[PDB]
Amino acid sequence: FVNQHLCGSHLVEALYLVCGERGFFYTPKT
Amino acid sequence: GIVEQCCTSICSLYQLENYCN
C-alpha cells in the first residue's frame, strides 16, 4: 500500500499504519 | 516535503518512515 501516489487522507492513513505506536508528523506545507 | 515525495511522486516505505516520531 506504500508504493503508489498517496494524497490527503490516503497519505495520513499510510503514515498511521507504518509508524504504529511511534506516531508521526504530517506537514504538508513543509 | 512529504507531499512532493509521496503525493506528486510515488511514495516509499523509506520516505514514509522519515516522518515517524
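Residues numbered from 1 in each chain as written, not as in the entry; some residues may be left out. Chains lettered and ligands numbered in written order. Heavy atoms only, no water.

This entry lists X-ray crystallography as its structure determination method and reports a resolution of 1.8000 Å.

Within the Protein Data Bank, this record goes by the title "Crystal structure of human insulin, crystallised in the presence of macrophage migration inhibitory factor (MIF) and p-Hydroxyphenylpyruvate (HPP)".

Of the regular secondary structure elements, chain A holds 1 helix and 0 strands. Each principal axis of the C-alpha distribution contributes one length, and for chain A these read about 25 × 25 × 15 Å. Residue burial in chain A is summarised as follows: out of 30 residues, 27% are buried. Accessible area of chain A: about 2,200 Å², with a carbon and sulfur share of 57%. (Helix = DSSP H or I, 4+ residues; strand = E, 2+ residues; numbered from the N terminus. Buried < 20%, exposed > 50% of the residue type's maximum accessible area, 1.4 Å probe, protein only. Areas by Shrake-Rupley, 256 points an atom, 1.4 Å probe, with all protein chains shown as cover.)

Residues A:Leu11, A:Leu15, A:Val18, B:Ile2, B:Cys6 and B:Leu16 are the most contacted members of the largest nonpolar core, which totals 14 residues. Going through the elements one at a time, α1 (9–19) of chain A together with α1 (2–8) of chain B are the ones with two or more residues in this core. Tallying contributions element by element places α1(A) first for this core, with 5 residues. Those residues in contact with A:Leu11, other than ones at most four positions away along the chain, are A:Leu6, A:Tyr26, B:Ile2, B:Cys6 and B:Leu16. (Core = buried A, V, L, I, M, F, W, Y, C linked by side-chain atoms within 4.5 Å. Contact = heavy atoms within 4.5 Å.)

Facing 18 residues of chain B, the contacting portion of chain A comprises 19 residues. Remark: the boundary between chain B and chain A carries 1 salt bridge. The residue B:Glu17 makes a salt bridge to A:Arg22 at a minimum N-O spacing of 3.4 Å. Connecting chain B to chain A are 9 residue pairs in polar contact. (Salt bridge = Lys/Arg side-chain N within 4 Å of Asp/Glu carboxyl O. Polar contact = N/O pair within 3.5 Å; in protein donor to acceptor, adjacent residues only side chain to side chain.)

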